[PDB]
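Given next are the chains, with one letter for each unit.
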Amino acid sequence: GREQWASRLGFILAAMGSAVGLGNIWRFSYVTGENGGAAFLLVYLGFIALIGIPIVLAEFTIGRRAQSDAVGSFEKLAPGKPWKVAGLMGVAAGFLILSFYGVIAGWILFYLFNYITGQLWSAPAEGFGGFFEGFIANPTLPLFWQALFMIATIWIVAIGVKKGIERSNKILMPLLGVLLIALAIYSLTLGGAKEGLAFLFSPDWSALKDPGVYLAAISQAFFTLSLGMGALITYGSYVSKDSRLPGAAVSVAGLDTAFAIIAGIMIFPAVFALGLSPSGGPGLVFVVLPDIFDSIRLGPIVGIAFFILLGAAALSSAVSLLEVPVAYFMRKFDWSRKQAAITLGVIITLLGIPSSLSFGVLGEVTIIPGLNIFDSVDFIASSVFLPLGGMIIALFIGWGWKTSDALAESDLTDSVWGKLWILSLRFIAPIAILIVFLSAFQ
Ligand SMILES: CCCCCCCCCCCCO[C@@H]1O[C@H](CO)[C@@H](O[C@H]2O[C@H](CO)[C@@H](O)[C@H](O)[C@H]2O)[C@H](O)[C@H]1O
Ligand SMILES: CCCCCCCCCCCCO[C@@H]1O[C@H](CO)[C@@H](O[C@H]2O[C@H](CO)[C@@H](O)[C@H](O)[C@H]2O)[C@H](O)[C@H]1O
Ligand SMILES: CCCCCCCCS[C@@H]1O[C@H](CO)[C@@H](O)[C@H](O)[C@H]1O
Ligand SMILES: CCCCCCCCS[C@@H]1O[C@H](CO)[C@@H](O)[C@H](O)[C@H]1O
Ligand SMILES: N[C@@H](Cc1ccc(F)cc1)C(=O)O
Ligand code: NA
Ligand code: NA
């Protein structure tokens, strides 16, 4: 007896609650900042349109048709065929992403706690930068908040699809959006807008002569859409034929892009206002945003509201991360949902511990050459497993399915849009992924 979404809106809100999270505010800010701004942004937007939306609809189609996990969907639909390595890669991508995703989500909790206990109301004597560096370098303090966030994620995944994942507050996501628009409006009035908006929207094409910017653009695209690791195959496996998938794919990609763009209009005028470099790195928003909340009279409550709504977005994103291997181990080992969520959840928490330490005592340690542990596991997950698993997912429908079945299961016809969707799964998206892989790694 497999689970289904109880409500009709349950599927689209789950997929939206999974795509909109830390990647839109935290990750989109520091990757766009260190990749130059507008030229990376255009490549990113182009990848969202011509690669992201089709592969999202591909994941939806695969999951609903098979009614099975990330891996089981390929076993079921193509028995004995090697397409299930994408689900396998997707499962491993969940262990890795959620490991460090919970570290960054723990930072949200720590800042939330400091705004409840009235600590970060005024600037600390070491500044907002030094406050952040001292917290993340601390060996044990980030672990406490990381484990705290993981317990919240395990709890919801253990409760189930009907009573846990789907019972997410329908108001927190539109409230996060209203606050980002209000805050993007405020930072436009701080003095660095002309330089922040030019950085964000006036392209410097000299950046685009670097293979790494395309690789960072395709990774941020796959990351922010919860794409390439079967998470949308999993959420699609709980929906019935009473659903139109193409509108869901466009809506998730459209809304998810709206957050990142607005998050950019909020962050970068503030960065140039504070005279800060756009390449600050992973802790950019954690240094820039507390400064912004300090310049506001009612700023403490803004930070309280911001880190509540942001953590809620991270909470629902982590739930879809954990649900991917959990659905695997429920079928594969006949584990119960509570046993798999707790076991895998505790394990993934341990996996992220070296990522948390790599901001401090393990900062000198590297795995892949020139990247620390956090950046090494983020790289192989976001830059290797997510884009390759997406490429295989696209070739699966484009070349392993009959055209009529691909169109019928995705609620498309042989119209211009159906032909267009089949064209990008068959050629545009996988070849673009291929060219980005080839040009980046020599
Ligand atoms: C967000 C909602 C989550 C609900 C869970 C509620 C958890 C409540 C338990 C709080 C435990 C905090 O634990 C305690 O936090 C304070 C900060 O306030 C730390 O404070 C310490 O760390 C910082 C480093 O950033 C030092 O600069 C500071 O001088 C020092 O006092 C303590 O070393 C730690 O022992
Ligand atoms: C409440 C619903 C939320 C949804 C949308 C809300 C939008 C929020 C807009 C807040 C933007 C405030 O932006 C802030 O406004 C005042 C002017 O009003 C500016 O203040 C500036 O102009 C005013 C008057 O011209 C002077 O008092 C001040 O000396 C000067 O610094 C701030 O430099 C600017 O940072
Ligand atoms: C609200 C979204 C609109 C943001 C658009 C900003 C992108 C173009 S900025 C533009 O860059 C030029 C040189 O780069 C300067 O000559 C101009 O003074 C300046 O206007
Ligand atoms: C709680 C709602 C806050 C929404 C976020 C927008 C922040 C803008 S607040 C703004 O800060 C100024 C100081 O520059 C005050 O002088 C103004 O009176 C006040 O309007
Ligand atoms: N898409 C989420 C992160 C994510 C969730 C689920 C995934 F399967 C992958 C990635 C974000 O942008 O924060
Ligand atoms: Na996102
Ligand atoms: Na989310």
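The PDB entry lists the protein under the name Sodium-dependent transporter, with Bacillus halodurans as the source organism. What the PDB entry is called, per its title line, is "Crystal structure of MhsT in complex with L-4F-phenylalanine". The protein has a UniProt comment under Subcellular location (unreviewed entry) that states "Membrane".

Visitor: Just checking my understanding: could you explain helix α9 (residues 172-187) for this structure?
Guide: In an α-helix there are 3.6 residues to a turn, and that puts residues three or four apart on one side. Between its terminal C-alpha atoms α9 stretches 22 Å, which fits the 22 Å expected from 16 residues at 1.5 Å a residue. Looking at α9, one finds that the buried residues are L176, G177, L179, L180, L183, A184 and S187. One side of α9 carries all its buried residues, which in axial view fall inside an arc of 165°. Residues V178 and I185 are exposed on α9 and point more than 90 degrees away from its buried face. At its buried positions, α9 is contacted by α2 (22-34), α13 (245-273), α14 (284-294) and α15 (299-332).

Visitor: Looking at this model, I keep getting lost on the coordination of the sodium ion (ligand 7). Mind explaining?
Guide: Around a metal, the ideal angle is 109.5 degrees if four donors adopt a tetrahedral arrangement and 90 or 180 degrees if six donors adopt an octahedral arrangement. Bound to the sodium ion (ligand 7) on the protein side are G17 (O), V20 (O), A313 (O), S316 (OG), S317 (N) and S317 (OG), at distances that span 2.1 to 3.1 Å. For the sodium ion (ligand 7), the six donor atoms in the first shell make angles of 61 to 149° at the metal, so the coordination geometry reads as irregular. Counting along the primary sequence, the residues that act as donors to the sodium ion (ligand 7) give the motif G-x2-V-x292-A-x2-S-S.

Visitor: Looking at this model, I keep getting lost on the site of ligand 4. Mind explaining?
Guide: What surrounds ligand 4 is the set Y186, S295, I296 and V302. Compared with its free state, where it exposes 530 Å², ligand 4 has 45% of that area covered by protein. The residue makeup of the shell around ligand 4, split by class, is three nonpolar, one polar and no charged.

Visitor: Mind showing me how you'd approach the site of ligand 3 here?
Guide: Taken together, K194, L197, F201 and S202 make up all the residues around ligand 3. Against a free-state accessible area of 540 Å², the protein chains account for coverage of 36% of ligand 3.

Visitor: Help me understand the environment of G360, please; the structure alone is not making it clear to me.
Guide: Looking at where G360 falls in the secondary structure, it is placed in the loop between α16 (337-357) and α17 (373-400). A relative accessible area of 28% means that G360 is categorised as partly exposed. Considered as a pair, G360 and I108 are 252 residues apart in the sequence and their alpha carbons are 18 Å apart.

Visitor: Can you help me understand the pattern of salt bridges in this one?
Guide: When charged atoms on two side chains of opposite charge get close, those side chains can pair. Under the defined criterion, the tally for this structure stands at 12 salt bridges. Residues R331 and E75 are paired through a salt bridge, measuring 3.4 Å at the closest nitrogen-oxygen approach. Residue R331 is found in helix α15, and its partner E75 is found in helix α4 (residues 72-77); the two are separated by 256 residues along the sequence. We classify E75 as partly exposed; its relative accessible area is 27%. The partner of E323 in a salt bridge is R337, and the shortest N-O contact between them spans 2.8 Å. Of this pair, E323 sits in helix α15 while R337 sits in helix α16; the two residues are 14 residues apart in sequence, bridging distant segments of the chain. Summarising the burial analysis for this pair, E323 and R337 share the class buried. Each of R65, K402, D405 and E409 takes part in salt bridges that share partners, so that together they form one network.

Calculation notes
- Residues numbered from 1 in each chain as written, not as in the entry; some residues may be left out.
- Chains lettered and ligands numbered in written order.
- Heavy atoms only, no water.
- UniProt positions renumbered as here; feature names shortened; annotations may be inferred.
- Helix = DSSP H or I, 4+ residues; strand = E, 2+ residues; numbered from the N terminus.
- Expected span 1.5 Å × (residues − 1).
- Buried < 20%, exposed > 50% of the residue type's maximum accessible area, 1.4 Å probe, protein only.
- Arc of directions from axis to C-beta.
- Contact = heavy atoms within 4.5 Å.
- Donors = N, O, S within 2.8 Å, 3.2 Å for Na, K, Ca; no water.
- Tetrahedral: all angles 85-135°; square planar, octahedral: opposite > 155°, others 65-115°.
- Near = heavy atom within 4 Å.
- Areas by Shrake-Rupley, 256 points an atom, 1.4 Å probe, with all protein chains shown as cover.
- Nonpolar A, V, L, I, M, F, W, Y, C, P; charged D, E, K, R; others polar.
- Salt bridge = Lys/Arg side-chain N within 4 Å of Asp/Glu carboxyl O.

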